[PDB]
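Only one chain is given next, in structure tokens, and it is the form deposited in one PDB entry.
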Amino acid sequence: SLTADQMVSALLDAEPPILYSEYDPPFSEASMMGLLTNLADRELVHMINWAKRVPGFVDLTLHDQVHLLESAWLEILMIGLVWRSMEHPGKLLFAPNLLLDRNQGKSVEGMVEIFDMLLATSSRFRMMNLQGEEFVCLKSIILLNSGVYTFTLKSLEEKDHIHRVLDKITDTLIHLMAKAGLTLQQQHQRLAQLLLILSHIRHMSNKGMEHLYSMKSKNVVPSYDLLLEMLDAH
């Protein structure tokens, strides 16, 4: 029932904070993955808070909320990272005090390939002059769309709802571009350009998941119970 303007405002007010890496006056290659894992894990907690504020998300069953976050969490971490890296050519701003380049990526086997994809996405944002309002729409779309093709009377109802919210976010993107002064043709073209970036983000998440698993740590994905517990508040 939200208007396009109300949708934008809701999403902007929902934005999580930018977190820091630990301070101690040197950085070492050996400690890099530990610092990244620590940031990712802290970002996840804020991500769950954020998701619950995306219009229509808490209308879903807790089960389906968990499934959507299971599907989307790394994509959401990535698009967040690319967004805060956009103004820093050649670098990934994991935190304001953890700004990393390609060569630092090389220290971890298999990492530079994923760094390069992320850097390429940052460059594409930059060449498109992606706006914050557009970014928060894209991030919401990822949340709602990434797990929807892999979820029953209840579920049919859930899927219809998700599609209706996704349509509203399309309307919102178009509203933003119209107010930005784009022609109808430029509006459709840019809508398309933005949504095609989501294919690349999905690609990066799958490649990244492969990479994280290859590292042989104790776990990679947030468990159902963990997501549930964070989501399943009293």
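All residue numbers refer to positions in the sequence shown, first residue = 1.
Keep in mind that the form solved in complex with a partner chain is missing from the display, and what follows is about it.
Among heavy atoms of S31, none comes within 4.5 Å of the partner chain in the deposited bound form. Interface residue remark: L35 is not counted as part of the site for the partner chain in the deposited bound form, having no heavy atom within 4.5 Å. The shortest heavy atom separation between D59 and the partner chain in the deposited bound form exceeds 4.5 Å.
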